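A.B. asks: My sequence and its experimental structure, below.
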Amino acid sequence: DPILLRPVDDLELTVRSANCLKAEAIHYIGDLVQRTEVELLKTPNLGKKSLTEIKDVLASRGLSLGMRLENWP
Amino acid sequence: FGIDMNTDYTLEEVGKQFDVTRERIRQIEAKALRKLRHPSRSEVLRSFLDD
């Protein structure tokens, strides 16, 4: 995919969610769509609004959660 | 920048019109510029560079 390999800078997030991802260490968009709702919601400093606008931008640019991967990278 | 107005104002001029110190307006301008760098944006602006 062109965008599934796009790093989490393109996700149009803040620095709160940016450091959430750094604590998770996910870069590509296929990687961020790997995880689920609650598995990321359980991390520090990461509540409902963070993952909420996460899924917001996901659905705005054709993404969502519950997704899965095979041989990525 | 002089966009859509007669003159391009100093940062202190714009600060006095907005009632803020130069450093705040400098950070604001840098924030806007940084946001405009952001890919998923400025694709066409990049297209306006021919070389």
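C.D. replies: Perfect, thanks for sending it. Numbering: from 1, shown residues only, chains lettered A, B, ... in the order given.

A.B. asks: Would you confirm that residue A:5 contacts residue A:30?
C.D. replies: Yes. Between residue A:5 and residue A:30 a contact is recorded at 6.3 Å, counting by Cβ atoms under 8 Å. Placement of C-beta: from N, CA and C, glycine included.

A.B. asks: more neighbours, these two?
C.D. replies: For residue A:5 versus residue A:30, neighbours defined as other Cβ atoms under 10 Å in any protein chain shown are more numerous around residue A:30 (20 against 13).

A.B. asks: Those residues of chain B touching chain A, which are they?
C.D. replies: B:38, B:39, B:40 (Cβ under 8 Å from any Cβ of the partner chain).

A.B. asks: Next, format those as CSV and append neighbour count.
C.D. replies: CSV is the format used below for the residues of chain B next to chain A (neighbours: other Cβ atoms under 10 Å in any protein chain shown):
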residue, neighbour count
B:38, 11
B:39, 11
B:40, 13
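
A.B. asks: which one among those residues gets closest to chain A?
C.D. replies: Relative to chain A, the closest of the residues of chain B next to chain A is residue B:40; by Cβ to the nearest Cβ it sits at 5.2 Å.

A.B. asks: What residues does the closest residue to the closest one other than its chain neighbours make contact with?
C.D. replies: Distances taken as Cβ to Cβ, 6 or more residues apart in numbering or on different chains place residue A:10 nearest to residue B:40, at 5.2 Å, with adjacent residues excluded. Contact analysis of residue A:10 by Cβ atoms under 8 Å, 6 or more residues apart in numbering or on different chains lists A:3, A:29, B:39, B:40.

A.B. asks: tell me the SS of the first one?
C.D. replies: The one in question is residue A:3. Recorded secondary structure, residue A:3: coil (DSSP: H, G, I helix; E, B strand; the rest coil).
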